[PDB]
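Q: The file below is target06.pdb, PDB, C-alpha atoms and all ligand atoms:
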```pdb
ATOM      1  CA  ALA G1057      22.884 -28.166   4.954
ATOM      2  CA  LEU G1058      19.664 -26.292   6.037
ATOM      3  CA  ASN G1059      18.025 -26.429   9.510
ATOM      4  CA  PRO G1060      15.699 -29.524   9.301
ATOM      5  CA  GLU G1061      13.191 -27.889  11.732
ATOM      6  CA  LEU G1062      12.807 -25.013   9.178
ATOM      7  CA  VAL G1063      12.255 -27.483   6.244
ATOM      8  CA  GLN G1064       9.229 -29.069   8.050
ATOM      9  CA  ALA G1065       7.915 -25.615   9.153
ATOM     10  CA  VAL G1066       7.913 -24.241   5.535
ATOM     11  CA  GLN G1067       6.006 -27.268   3.997
ATOM     12  CA  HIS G1068       2.511 -25.652   4.371
ATOM     13  CA  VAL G1069       3.853 -22.588   2.387
ATOM     14  CA  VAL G1070       5.679 -24.510  -0.432
ATOM     15  CA  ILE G1071       3.526 -25.344  -3.497
ATOM     16  CA  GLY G1072       4.124 -28.517  -5.558
ATOM     17  CA  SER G1074      -1.163 -28.740  -6.785
ATOM     18  CA  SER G1075       1.283 -27.244  -9.414
ATOM     19  CA  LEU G1076       2.222 -23.886 -11.018
ATOM     20  CA  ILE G1077       2.679 -22.715 -14.645
ATOM     21  CA  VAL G1078       4.834 -19.521 -14.769
ATOM     22  CA  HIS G1079       4.206 -17.477 -17.977
ATOM     23  CA  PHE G1080       7.841 -16.209 -18.330
ATOM     24  CA  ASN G1081       7.069 -14.241 -21.586
ATOM     25  CA  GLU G1082       4.361 -12.126 -19.789
ATOM     26  CA  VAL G1083       6.263  -9.582 -17.613
ATOM     27  CA  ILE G1084       4.592  -7.148 -15.125
ATOM     28  CA  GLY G1085       7.575  -5.248 -13.621
ATOM     29  CA  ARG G1086      11.315  -5.385 -12.772
ATOM     30  CA  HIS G1088      15.729  -2.295  -7.043
ATOM     31  CA  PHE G1089      15.269  -6.158  -7.031
ATOM     32  CA  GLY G1090      13.733  -9.112  -9.032
ATOM     33  CA  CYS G1091      11.042  -9.332 -11.739
ATOM     34  CA  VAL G1092       7.262 -10.051 -11.573
ATOM     35  CA  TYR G1093       5.560 -12.272 -14.229
ATOM     36  CA  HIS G1094       1.977 -13.572 -14.874
ATOM     37  CA  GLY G1095       1.172 -17.122 -13.660
ATOM     38  CA  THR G1096      -1.370 -19.933 -13.188
ATOM     39  CA  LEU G1097      -1.854 -22.119 -10.079
ATOM     40  CA  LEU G1098      -3.908 -25.369  -9.673
ATOM     41  CA  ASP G1099      -6.187 -27.494  -7.297
ATOM     42  CA  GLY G1102      -9.140 -28.886 -10.784
ATOM     43  CA  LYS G1103      -9.222 -25.038 -11.274
ATOM     44  CA  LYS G1104      -6.956 -22.325 -12.814
ATOM     45  CA  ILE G1105      -5.932 -19.324 -10.576
ATOM     46  CA  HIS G1106      -4.363 -16.185 -12.200
ATOM     47  CA  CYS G1107      -1.306 -15.076 -10.196
ATOM     48  CA  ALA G1108       1.719 -12.704 -10.129
ATOM     49  CA  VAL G1109       4.973 -14.652  -9.685
ATOM     50  CA  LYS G1110       7.980 -12.711  -8.391
ATOM     51  CA  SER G1111      11.384 -14.309  -9.138
ATOM     52  CA  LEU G1112      14.056 -13.057  -6.698
ATOM     53  CA  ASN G1113      17.749 -12.659  -7.882
ATOM     54  CA  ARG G1114      19.968 -15.785  -7.218
ATOM     55  CA  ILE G1115      20.035 -16.364  -3.420
ATOM     56  CA  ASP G1117      24.417 -18.716   0.060
ATOM     57  CA  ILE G1118      22.366 -21.096   2.285
ATOM     58  CA  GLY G1119      21.689 -18.356   4.903
ATOM     59  CA  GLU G1120      19.857 -16.353   2.176
ATOM     60  CA  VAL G1121      17.749 -19.500   1.448
ATOM     61  CA  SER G1122      17.108 -19.810   5.259
ATOM     62  CA  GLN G1123      15.759 -16.181   5.399
ATOM     63  CA  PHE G1124      13.613 -16.823   2.238
ATOM     64  CA  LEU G1125      11.931 -19.855   3.932
ATOM     65  CA  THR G1126      11.535 -17.973   7.275
ATOM     66  CA  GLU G1127       9.916 -14.945   5.504
ATOM     67  CA  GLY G1128       7.501 -17.302   3.675
ATOM     68  CA  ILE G1129       6.208 -18.755   7.002
ATOM     69  CA  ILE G1130       5.858 -15.221   8.553
ATOM     70  CA  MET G1131       4.036 -13.932   5.397
ATOM     71  CA  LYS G1132       1.654 -16.940   5.234
ATOM     72  CA  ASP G1133       0.603 -16.218   8.882
ATOM     73  CA  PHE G1134      -0.880 -12.874   7.636
ATOM     74  CA  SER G1135      -4.453 -13.228   6.339
ATOM     75  CA  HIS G1136      -6.936 -10.333   5.910
ATOM     76  CA  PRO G1137      -9.231  -9.370   2.975
ATOM     77  CA  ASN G1138      -7.542  -5.916   2.805
ATOM     78  CA  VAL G1139      -3.945  -7.224   2.885
ATOM     79  CA  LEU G1140      -2.345  -8.805  -0.239
ATOM     80  CA  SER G1141      -2.008 -12.551   0.542
ATOM     81  CA  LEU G1142       0.928 -14.828  -0.265
ATOM     82  CA  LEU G1143      -0.336 -17.922  -2.117
ATOM     83  CA  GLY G1144       3.005 -19.754  -1.651
ATOM     84  CA  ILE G1145       6.755 -20.103  -2.377
ATOM     85  CA  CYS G1146       9.076 -22.226  -4.658
ATOM     86  CA  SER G1152      15.526 -19.388  -8.395
ATOM     87  CA  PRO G1153      13.259 -18.406  -5.422
ATOM     88  CA  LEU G1154       9.611 -17.814  -6.509
ATOM     89  CA  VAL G1155       7.080 -15.660  -4.555
ATOM     90  CA  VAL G1156       3.517 -16.425  -5.768
ATOM     91  CA  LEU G1157       0.878 -13.715  -5.117
ATOM     92  CA  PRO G1158      -2.758 -13.372  -6.317
ATOM     93  CA  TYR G1159      -3.080 -11.278  -9.483
ATOM     94  CA  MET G1160      -5.015  -8.044  -8.828
ATOM     95  CA  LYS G1161      -7.218  -7.358 -11.888
ATOM     96  CA  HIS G1162      -7.369  -3.567 -11.532
ATOM     97  CA  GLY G1163      -3.723  -3.062 -10.436
ATOM     98  CA  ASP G1164      -2.523  -0.272  -8.121
ATOM     99  CA  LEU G1165      -4.958   2.156  -6.413
ATOM    100  CA  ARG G1166      -3.118   5.330  -7.581
ATOM    101  CA  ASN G1167      -3.401   4.482 -11.333
ATOM    102  CA  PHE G1168      -6.996   3.254 -10.847
ATOM    103  CA  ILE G1169      -8.223   6.594  -9.417
ATOM    104  CA  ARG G1170      -6.033   8.684 -11.851
ATOM    105  CA  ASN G1171      -7.621   6.954 -14.899
ATOM    106  CA  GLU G1172      -9.762   9.644 -16.662
ATOM    107  CA  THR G1173     -12.162   6.903 -17.957
ATOM    108  CA  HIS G1174     -13.048   6.000 -14.332
ATOM    109  CA  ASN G1175     -15.875   7.895 -12.652
ATOM    110  CA  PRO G1176     -15.482   7.389  -8.846
ATOM    111  CA  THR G1177     -17.867   9.105  -6.409
ATOM    112  CA  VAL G1178     -16.951  10.574  -2.964
ATOM    113  CA  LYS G1179     -18.553   7.384  -1.538
ATOM    114  CA  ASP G1180     -16.313   5.059  -3.643
ATOM    115  CA  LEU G1181     -13.121   6.948  -2.708
ATOM    116  CA  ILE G1182     -13.943   7.027   1.032
ATOM    117  CA  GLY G1183     -14.801   3.297   0.665
ATOM    118  CA  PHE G1184     -11.264   2.623  -0.663
ATOM    119  CA  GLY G1185      -9.810   4.636   2.276
ATOM    120  CA  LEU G1186     -11.960   2.573   4.696
ATOM    121  CA  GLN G1187     -10.648  -0.744   3.253
ATOM    122  CA  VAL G1188      -7.037   0.511   3.527
ATOM    123  CA  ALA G1189      -7.743   1.483   7.203
ATOM    124  CA  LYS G1190      -9.083  -2.113   7.874
ATOM    125  CA  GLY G1191      -5.975  -3.698   6.287
ATOM    126  CA  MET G1192      -3.739  -1.366   8.381
ATOM    127  CA  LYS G1193      -5.813  -2.083  11.557
ATOM    128  CA  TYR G1194      -4.996  -5.802  10.966
ATOM    129  CA  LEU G1195      -1.240  -5.164  10.343
ATOM    130  CA  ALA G1196      -0.860  -2.951  13.441
ATOM    131  CA  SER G1197      -2.523  -5.717  15.625
ATOM    132  CA  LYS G1198       0.193  -8.086  14.345
ATOM    133  CA  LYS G1199       2.848  -5.388  15.302
ATOM    134  CA  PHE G1200       3.664  -5.013  11.585
ATOM    135  CA  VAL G1201       4.935  -1.515  10.636
ATOM    136  CA  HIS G1202       4.452  -1.054   6.858
ATOM    137  CA  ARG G1203       6.924   1.923   6.335
ATOM    138  CA  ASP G1204       5.709   2.645   2.715
ATOM    139  CA  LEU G1205       1.920   3.035   2.840
ATOM    140  CA  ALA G1206       0.829   4.965  -0.299
ATOM    141  CA  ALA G1207      -1.901   4.578  -2.935
ATOM    142  CA  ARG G1208       0.842   3.238  -5.354
ATOM    143  CA  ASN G1209       1.327   0.348  -2.822
ATOM    144  CA  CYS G1210      -2.361  -0.719  -2.602
ATOM    145  CA  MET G1211      -4.018  -2.916  -5.235
ATOM    146  CA  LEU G1212      -7.587  -3.593  -6.421
ATOM    147  CA  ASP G1213      -9.022  -7.014  -7.270
ATOM    148  CA  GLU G1214     -12.016  -7.855  -9.618
ATOM    149  CA  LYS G1215     -14.530  -7.005  -6.820
ATOM    150  CA  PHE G1216     -12.738  -3.620  -6.263
ATOM    151  CA  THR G1217     -11.515  -4.915  -2.886
ATOM    152  CA  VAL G1218      -8.475  -2.841  -1.890
ATOM    153  CA  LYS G1219      -5.458  -4.845  -0.674
ATOM    154  CA  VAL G1220      -2.510  -3.257   1.108
ATOM    155  CA  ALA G1221       0.570  -4.485  -0.817
ATOM    156  CA  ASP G1222       4.412  -3.911  -0.962
ATOM    157  CA  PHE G1223       4.516  -6.562   1.791
ATOM    158  CA  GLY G1224       7.134  -9.095   2.957
ATOM    159  CA  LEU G1225       8.921 -10.885   0.070
ATOM    160  CA  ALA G1226       7.080  -8.619  -2.446
ATOM    161  CA  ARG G1227       8.555  -5.433  -0.783
ATOM    162  CA  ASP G1228      10.392  -3.455  -3.470
ATOM    163  CA  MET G1229      11.072  -0.034  -5.059
ATOM    164  CA  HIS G1230       9.093   0.048  -8.341
ATOM    165  CA  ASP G1231       9.151   3.846  -8.842
ATOM    166  CA  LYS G1232      11.974   6.365  -8.132
ATOM    167  CA  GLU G1233      10.548   9.957  -8.170
ATOM    168  CA  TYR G1234       8.790   9.305  -4.787
ATOM    169  CA  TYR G1235      12.029   8.017  -3.111
ATOM    170  CA  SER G1236      15.003  10.145  -1.964
ATOM    171  CA  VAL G1237      18.450   8.533  -2.579
ATOM    172  CA  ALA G1243      16.748   1.853   2.550
ATOM    173  CA  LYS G1244      13.441   3.233   1.084
ATOM    174  CA  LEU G1245      12.615   6.853   1.950
ATOM    175  CA  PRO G1246       9.100   7.868   0.666
ATOM    176  CA  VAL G1247       9.719  11.405   1.970
ATOM    177  CA  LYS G1248       6.330  12.997   0.978
ATOM    178  CA  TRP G1249       4.402  10.214   2.897
ATOM    179  CA  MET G1250       6.689  10.204   5.971
ATOM    180  CA  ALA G1251       5.822  11.493   9.437
ATOM    181  CA  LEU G1252       7.724  14.513  10.730
ATOM    182  CA  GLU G1253       9.615  12.385  13.356
ATOM    183  CA  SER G1254      10.569   9.758  10.664
ATOM    184  CA  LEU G1255      12.072  12.486   8.432
ATOM    185  CA  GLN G1256      14.353  13.475  11.417
ATOM    186  CA  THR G1257      15.278   9.984  12.865
ATOM    187  CA  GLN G1258      14.659   7.631   9.832
ATOM    188  CA  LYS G1259      12.690   5.413  12.313
ATOM    189  CA  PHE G1260       9.162   4.073  11.570
ATOM    190  CA  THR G1261       6.193   3.147  13.834
ATOM    191  CA  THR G1262       2.479   2.332  13.503
ATOM    192  CA  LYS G1263       1.899   6.075  14.317
ATOM    193  CA  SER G1264       4.122   7.051  11.359
ATOM    194  CA  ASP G1265       2.009   4.610   9.194
ATOM    195  CA  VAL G1266      -1.019   6.633  10.473
ATOM    196  CA  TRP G1267       0.652   9.845   9.061
ATOM    197  CA  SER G1268       1.146   7.987   5.673
ATOM    198  CA  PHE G1269      -2.524   6.885   5.763
ATOM    199  CA  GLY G1270      -3.590  10.586   6.121
ATOM    200  CA  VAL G1271      -1.520  11.260   2.928
ATOM    201  CA  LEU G1272      -3.139   8.218   1.203
ATOM    202  CA  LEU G1273      -6.611   9.703   2.025
ATOM    203  CA  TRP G1274      -5.439  13.008   0.409
ATOM    204  CA  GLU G1275      -4.329  10.980  -2.715
ATOM    205  CA  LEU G1276      -7.797   9.351  -2.808
ATOM    206  CA  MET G1277      -9.769  12.633  -2.600
ATOM    207  CA  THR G1278      -7.582  14.350  -5.291
ATOM    208  CA  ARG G1279      -7.792  11.187  -7.535
ATOM    209  CA  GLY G1280      -4.035  10.553  -7.319
ATOM    210  CA  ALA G1281      -2.483  14.026  -7.358
ATOM    211  CA  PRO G1282       1.193  14.090  -6.283
ATOM    212  CA  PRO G1283       1.348  15.525  -2.707
ATOM    213  CA  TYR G1284       3.215  18.884  -2.221
ATOM    214  CA  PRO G1285       3.825  19.257  -6.062
ATOM    215  CA  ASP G1286       5.705  22.595  -5.691
ATOM    216  CA  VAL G1287       7.927  21.225  -2.845
ATOM    217  CA  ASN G1288      11.132  19.310  -3.653
ATOM    218  CA  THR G1289      11.678  16.036  -1.638
ATOM    219  CA  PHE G1290      14.709  17.489   0.263
ATOM    220  CA  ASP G1291      12.612  20.555   1.386
ATOM    221  CA  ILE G1292       9.580  18.680   2.976
ATOM    222  CA  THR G1293      10.751  18.639   6.640
ATOM    223  CA  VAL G1294      11.433  22.471   6.594
ATOM    224  CA  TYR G1295       8.083  23.038   4.776
ATOM    225  CA  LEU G1296       6.180  21.004   7.465
ATOM    226  CA  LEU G1297       8.055  22.691  10.395
ATOM    227  CA  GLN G1298       6.797  26.137   9.204
ATOM    228  CA  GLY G1299       3.284  24.989  10.273
ATOM    229  CA  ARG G1300       1.934  23.584   7.052
ATOM    230  CA  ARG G1301      -0.221  20.607   5.948
ATOM    231  CA  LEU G1302      -1.655  19.368   2.609
ATOM    232  CA  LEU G1303      -4.615  21.601   1.698
ATOM    233  CA  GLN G1304      -8.186  20.271   1.689
ATOM    234  CA  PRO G1305      -9.117  18.696  -1.709
ATOM    235  CA  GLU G1306     -12.175  20.278  -3.416
ATOM    236  CA  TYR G1307     -14.138  17.026  -3.172
ATOM    237  CA  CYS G1308     -12.954  16.124   0.365
ATOM    238  CA  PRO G1309     -15.816  16.342   2.911
ATOM    239  CA  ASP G1310     -15.018  18.488   6.013
ATOM    240  CA  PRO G1311     -15.119  15.508   8.525
ATOM    241  CA  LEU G1312     -12.696  13.555   6.304
ATOM    242  CA  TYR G1313     -10.266  16.557   6.138
ATOM    243  CA  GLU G1314     -10.472  16.716  10.009
ATOM    244  CA  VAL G1315      -9.498  13.021  10.008
ATOM    245  CA  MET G1316      -6.420  13.733   7.764
ATOM    246  CA  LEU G1317      -5.335  16.614  10.111
ATOM    247  CA  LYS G1318      -5.560  14.146  13.122
ATOM    248  CA  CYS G1319      -3.371  11.618  11.151
ATOM    249  CA  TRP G1320      -0.814  14.434  10.828
ATOM    250  CA  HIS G1321      -0.848  15.450  14.546
ATOM    251  CA  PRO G1322       2.711  16.706  15.324
ATOM    252  CA  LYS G1323       2.763  14.357  18.407
ATOM    253  CA  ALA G1324       2.799  10.702  17.181
ATOM    254  CA  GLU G1325       0.963   9.438  20.324
ATOM    255  CA  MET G1326      -1.945  11.916  19.765
ATOM    256  CA  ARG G1327      -2.641  10.472  16.273
ATOM    257  CA  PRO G1328      -5.656   8.104  16.093
ATOM    258  CA  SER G1329      -5.082   4.319  16.019
ATOM    259  CA  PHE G1330      -6.111   2.477  12.852
ATOM    260  CA  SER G1331      -9.015   0.981  14.922
ATOM    261  CA  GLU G1332     -10.288   4.542  15.607
ATOM    262  CA  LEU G1333      -9.793   5.404  11.891
ATOM    263  CA  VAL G1334     -11.832   2.340  10.751
ATOM    264  CA  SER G1335     -14.628   3.443  13.103
ATOM    265  CA  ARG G1336     -14.630   7.178  12.212
ATOM    266  CA  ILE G1337     -14.327   6.524   8.451
ATOM    267  CA  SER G1338     -17.132   3.915   8.520
ATOM    268  CA  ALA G1339     -19.475   6.626   9.923
ATOM    269  CA  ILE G1340     -18.474   9.223   7.206
ATOM    270  CA  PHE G1341     -18.727   6.583   4.442
ATOM    271  CA  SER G1342     -22.292   5.622   5.583
ATOM    272  CA  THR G1343     -23.576   9.253   4.980
ATOM    273  CA  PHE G1344     -22.781   9.139   1.211
ATOM    274  CA  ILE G1345     -25.044   7.531  -1.471
ATOM    275  CA  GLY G1346     -22.800   7.730  -4.559
ATOM    276  CA  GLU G1347     -24.322  10.880  -6.085
ATOM    277  CA  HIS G1348     -21.137  13.038  -5.824
ATOM    278  CA  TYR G1349     -18.758  12.559  -8.799
ATOM    279  CA  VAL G1350     -15.128  13.416  -8.067
ATOM    280  CA  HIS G1351     -13.299  15.269 -10.870
ATOM    281  CA  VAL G1352      -9.520  15.723 -11.354
ATOM    282  CA  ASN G1353      -8.027  19.194 -10.479
ATOM    283  CA  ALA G1354      -6.277  21.086 -13.344
ATOM    284  CA  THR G1355      -3.312  22.309 -11.187
TER
HETATM  285  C1  LIG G1401      -5.945   0.193 -19.274
HETATM  286  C2  LIG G1401      -4.939   0.599 -18.160
HETATM  287  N1  LIG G1401      -4.584  -0.489 -17.144
HETATM  288  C3  LIG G1401      -5.798  -1.085 -16.432
HETATM  289  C4  LIG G1401      -5.467  -2.397 -15.658
HETATM  290  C5  LIG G1401      -3.994  -2.369 -15.206
HETATM  291  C6  LIG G1401      -3.683  -3.338 -14.041
HETATM  292  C7  LIG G1401      -3.484  -4.821 -14.421
HETATM  293  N2  LIG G1401      -3.330  -5.648 -13.185
HETATM  294  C8  LIG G1401      -2.075  -5.812 -12.553
HETATM  295  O1  LIG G1401      -1.051  -5.279 -12.951
HETATM  296  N3  LIG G1401      -2.138  -6.653 -11.390
HETATM  297  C9  LIG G1401      -1.134  -7.027 -10.506
HETATM  298  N4  LIG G1401      -1.306  -7.806  -9.461
HETATM  299  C10 LIG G1401      -0.088  -7.945  -8.766
HETATM  300  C11 LIG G1401       0.045  -8.673  -7.568
HETATM  301  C12 LIG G1401       1.320  -8.676  -6.948
HETATM  302  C13 LIG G1401       2.416  -7.959  -7.534
HETATM  303  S1  LIG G1401       3.964  -7.894  -6.695
HETATM  304  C14 LIG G1401       3.704  -6.503  -5.713
HETATM  305  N5  LIG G1401       3.461  -6.446  -4.373
HETATM  306  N6  LIG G1401       3.331  -5.191  -3.963
HETATM  307  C15 LIG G1401       3.481  -4.357  -5.032
HETATM  308  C16 LIG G1401       3.446  -2.915  -5.253
HETATM  309  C17 LIG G1401       3.672  -2.456  -6.544
HETATM  310  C18 LIG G1401       3.946  -3.431  -7.631
HETATM  311  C19 LIG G1401       4.316  -3.045  -9.012
HETATM  312  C20 LIG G1401       4.502  -1.767  -9.503
HETATM  313  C21 LIG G1401       4.918  -1.762 -10.886
HETATM  314  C22 LIG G1401       5.017  -3.025 -11.397
HETATM  315  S2  LIG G1401       4.627  -4.240 -10.252
HETATM  316  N7  LIG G1401       3.956  -4.771  -7.427
HETATM  317  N8  LIG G1401       3.729  -5.199  -6.178
HETATM  318  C23 LIG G1401       2.278  -7.257  -8.743
HETATM  319  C24 LIG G1401       1.015  -7.251  -9.343
HETATM  320  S3  LIG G1401       0.528  -6.407 -10.757
HETATM  321  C25 LIG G1401      -3.023  -2.399 -16.436
HETATM  322  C26 LIG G1401      -3.533  -1.493 -17.613
HETATM  323 CL    CL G1402     -21.088  10.324  -3.075
END
```
Kindly return the structure encoded in the file as C-alpha cells.

A:
Amino acid sequence: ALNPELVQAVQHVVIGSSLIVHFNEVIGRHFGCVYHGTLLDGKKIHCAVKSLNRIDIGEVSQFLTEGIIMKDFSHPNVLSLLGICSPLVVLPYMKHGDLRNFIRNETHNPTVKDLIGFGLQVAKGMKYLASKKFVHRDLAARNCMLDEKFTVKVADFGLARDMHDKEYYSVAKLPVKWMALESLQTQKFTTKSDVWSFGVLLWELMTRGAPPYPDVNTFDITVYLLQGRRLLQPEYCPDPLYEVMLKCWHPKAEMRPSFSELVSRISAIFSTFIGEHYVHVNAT
C-alpha cells in the first residue's frame, strides 16, 4: 500500500542491531509517551524511546518521511535521532536531562563561565539548524538537554516535538514569553524570531532558570514589550553578554544578529572567564 520508493529511502533510519524497550520505566507523557531503552551493535546504548499514538497509511508515510529528514540532521549541539520502528522514535538518553532544571538545581554550583559555555553550545546548535533552513519555533532552556559530558543539545525536534509543560504555553504551540514581538502579532516564526528566543534563553541561563517576566501574565506580554521594555540585566550577567541579549531583542528582525555572529561574539566573552565567578539564585 505504501510508496515503494519511500520504503527503500527509510531503510538507513529503521533499526532491526536490535532494541530492548523498558516499558515499565516511563520518562514523560499533548501527544505520546517517552520510556527508557537499550540499543545494540556488541555494546549496550541507553536511549529514550518515544511511542507515538496509533498512526491511516498517509500518517505512516509522514512518519517515515520525517525519520529520513531527522536523520539528515547531525551536530554535537542538536539532539540526534538514533532511528525509528506502534511507531517508535529512538533518541539518545541525556544523563543530566533538561538545561532549565539542571541550572535551577540548588546542589549545582555553575560559574559565569559554565553558563556562558552552555549559551555558546546552544548558539552552535542553532547556527547549524539555521544553515539547514530549520526554524525551531520553541527554543527555551526547558527544550535543551545535557549529556554525561555536559554537552548541551538543542531538543524538542522533529518527531520528538511536543508540549511537555503547560504554564509556558497560551491556549499550535505558543511559548509567548520566548516569542519575538512580530511572532506575537502574526503567529509566524523565522530564524530571526529564534534569535529573539535565544536572547531569552541566555537570560534564563544567567538567572539560573528564573521564569521570564514573572509579574507579567502571558496575555499581557505584547503590550508590555510595546511600552519599550526588555528583561532586566541579571545580577551575574556580564555587561557584554547583556548587550548581546538586547541585540537578540532588536525590534527589527533583520537587525538582529545571525546565529553565526552570536557563536563568534559569545566565544570571545566566554574566553575571558576562568570559572572563578559562582552564580547564585535570586530571591525574587
Ligand atoms: C536529582 C534530580 N534529577 C537529575 C537528573 C534528571 C535527568 C535524567 N535524564 C533524563 O531525563 N534524560 C532524558 N533524555 C531524553 C532524550 C529525549 C527525550 S524526548 C524529548 N525531545 N525533546 C524534549 C524536550 C523535553 C522532554 C521532556 C520533558 C518532560 C519529560 S520528557 N523530552 N524531550 C526525553 C529525554 S529525558 C532526573 C532527576
Ligand atoms: Cl567565571

Q: I'd like the neighbourhood of residue 1075 of chain G as number ranges by chain, where a residue qualifies if any of its atoms comes within 7 Å (using only C-alpha atoms), though same-chain residues fewer than 2 positions away should be ignored.

A: G: 1071-1072, 1097-1098

Q: Which residues, protein or nucleic acid, reach to within 8 Å of (7.5, 15.9, 12.6) in the file's coordinates when using all atoms listed in the file, and can you give that as an MDAnalysis selection string?

A: chainID G and resid 1251:1256 1293 1296:1297 1322:1323

Q: Find the residues near residue 1214 of chain G: any atom within 10 Å, counting all atoms listed in the file, skip ones fewer than 5 places away on the same chain, and give them as a short mmCIF file (atom, residue, chain, number, x, y, z; two decimals) with C-alpha atoms, in the frame of the given file.

A:
```
data_model
loop_
_atom_site.label_atom_id
_atom_site.label_comp_id
_atom_site.auth_asym_id
_atom_site.auth_seq_id
_atom_site.Cartn_x
_atom_site.Cartn_y
_atom_site.Cartn_z
CA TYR G 1159 -3.08 -11.28 -9.48
CA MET G 1160 -5.01 -8.04 -8.83
CA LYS G 1161 -7.22 -7.36 -11.89
CA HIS G 1162 -7.37 -3.57 -11.53
CA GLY G 1163 -3.72 -3.06 -10.44
#
```

Q: Using only C-alpha atoms, which residue out of G:1184, G:1274, G:1194, G:1093 lies closest to residue 1158 of chain G?

A: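 Of G:1184, G:1274, G:1194, G:1093, the one nearest residue 1158 of chain G is G:1093, counting only C-alpha atoms.
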
Q: Using only C-alpha atoms, which residue out of G:1114, G:1068, G:1190, G:1208 lies closest to residue 1332 of chain G?

A: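 Among the listed residues, G:1190 lies closest to residue 1332 of chain G.
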
Q: Hey, which bits of chain G sit within 9 Å of ligand LIG 1401 (chain G), and for each residue what's the closest pair of atoms and how far apart in Å (one decimal), counting all atoms listed in the file, rows by chain and increasing number, as a Markdown table?

A:
```
| residue | atom | partner | partner_atom | distance |
| --- | --- | --- | --- | --- |
| G:1084 | CA | G:LIG1401 | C22 | 5.6 |
| G:1085 | CA | G:LIG1401 | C22 | 4.1 |
| G:1086 | CA | G:LIG1401 | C22 | 6.9 |
| G:1091 | CA | G:LIG1401 | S2 | 8.3 |
| G:1092 | CA | G:LIG1401 | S1 | 6.3 |
| G:1093 | CA | G:LIG1401 | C23 | 8.1 |
| G:1094 | CA | G:LIG1401 | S3 | 8.4 |
| G:1107 | CA | G:LIG1401 | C11 | 7.1 |
| G:1108 | CA | G:LIG1401 | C11 | 5.1 |
| G:1109 | CA | G:LIG1401 | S1 | 7.5 |
| G:1110 | CA | G:LIG1401 | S1 | 6.5 |
| G:1140 | CA | G:LIG1401 | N5 | 7.5 |
| G:1155 | CA | G:LIG1401 | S1 | 8.6 |
| G:1156 | CA | G:LIG1401 | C12 | 8.1 |
| G:1157 | CA | G:LIG1401 | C12 | 5.4 |
| G:1158 | CA | G:LIG1401 | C11 | 5.6 |
| G:1159 | CA | G:LIG1401 | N4 | 3.9 |
| G:1160 | CA | G:LIG1401 | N4 | 3.8 |
| G:1161 | CA | G:LIG1401 | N2 | 4.4 |
| G:1162 | CA | G:LIG1401 | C6 | 4.5 |
| G:1163 | CA | G:LIG1401 | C6 | 3.6 |
| G:1164 | CA | G:LIG1401 | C17 | 6.8 |
| G:1167 | CA | G:LIG1401 | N1 | 7.7 |
| G:1168 | CA | G:LIG1401 | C3 | 7.2 |
| G:1171 | CA | G:LIG1401 | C2 | 7.6 |
| G:1208 | CA | G:LIG1401 | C17 | 6.5 |
| G:1209 | CA | G:LIG1401 | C16 | 4.6 |
| G:1210 | CA | G:LIG1401 | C16 | 6.8 |
| G:1211 | CA | G:LIG1401 | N4 | 7.0 |
| G:1212 | CA | G:LIG1401 | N3 | 8.0 |
| G:1213 | CA | G:LIG1401 | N3 | 8.0 |
| G:1220 | CA | G:LIG1401 | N6 | 8.0 |
| G:1221 | CA | G:LIG1401 | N6 | 4.2 |
| G:1222 | CA | G:LIG1401 | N6 | 3.4 |
| G:1223 | CA | G:LIG1401 | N6 | 6.0 |
| G:1224 | CA | G:LIG1401 | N5 | 8.6 |
| G:1225 | CA | G:LIG1401 | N5 | 8.3 |
| G:1226 | CA | G:LIG1401 | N5 | 4.6 |
| G:1227 | CA | G:LIG1401 | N6 | 6.1 |
| G:1228 | CA | G:LIG1401 | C15 | 7.1 |
| G:1229 | CA | G:LIG1401 | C17 | 7.9 |
| G:1230 | CA | G:LIG1401 | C20 | 5.1 |
| G:1231 | CA | G:LIG1401 | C21 | 7.3 |
```

Q: Next, dump the selected residues to file, keeping only C-alpha atoms, as a compact mmCIF listing (two decimals), in the coordinates of the input.

A:
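The new file part.txt reads:
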```txt
# COMPACT_ATOMS: atom_id res chain seq x y z
CA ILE G 1084 4.59 -7.15 -15.12
CA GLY G 1085 7.58 -5.25 -13.62
CA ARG G 1086 11.32 -5.38 -12.77
CA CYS G 1091 11.04 -9.33 -11.74
CA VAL G 1092 7.26 -10.05 -11.57
CA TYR G 1093 5.56 -12.27 -14.23
CA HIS G 1094 1.98 -13.57 -14.87
CA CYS G 1107 -1.31 -15.08 -10.20
CA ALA G 1108 1.72 -12.70 -10.13
CA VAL G 1109 4.97 -14.65 -9.68
CA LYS G 1110 7.98 -12.71 -8.39
CA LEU G 1140 -2.35 -8.80 -0.24
CA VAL G 1155 7.08 -15.66 -4.56
CA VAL G 1156 3.52 -16.42 -5.77
CA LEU G 1157 0.88 -13.72 -5.12
CA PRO G 1158 -2.76 -13.37 -6.32
CA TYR G 1159 -3.08 -11.28 -9.48
CA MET G 1160 -5.01 -8.04 -8.83
CA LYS G 1161 -7.22 -7.36 -11.89
CA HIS G 1162 -7.37 -3.57 -11.53
CA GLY G 1163 -3.72 -3.06 -10.44
CA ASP G 1164 -2.52 -0.27 -8.12
CA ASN G 1167 -3.40 4.48 -11.33
CA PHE G 1168 -7.00 3.25 -10.85
CA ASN G 1171 -7.62 6.95 -14.90
CA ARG G 1208 0.84 3.24 -5.35
CA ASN G 1209 1.33 0.35 -2.82
CA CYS G 1210 -2.36 -0.72 -2.60
CA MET G 1211 -4.02 -2.92 -5.24
CA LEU G 1212 -7.59 -3.59 -6.42
CA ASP G 1213 -9.02 -7.01 -7.27
CA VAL G 1220 -2.51 -3.26 1.11
CA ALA G 1221 0.57 -4.49 -0.82
CA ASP G 1222 4.41 -3.91 -0.96
CA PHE G 1223 4.52 -6.56 1.79
CA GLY G 1224 7.13 -9.10 2.96
CA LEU G 1225 8.92 -10.88 0.07
CA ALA G 1226 7.08 -8.62 -2.45
CA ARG G 1227 8.56 -5.43 -0.78
CA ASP G 1228 10.39 -3.46 -3.47
CA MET G 1229 11.07 -0.03 -5.06
CA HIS G 1230 9.09 0.05 -8.34
CA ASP G 1231 9.15 3.85 -8.84
```

Q: Kindly compile the residues surrounding ligand CL 1402 (chain G) within 6 Å, counting all atoms listed in the file, and format them as a PyMOL selection string.

A: chain G and resi 1177-1179+1344-1348
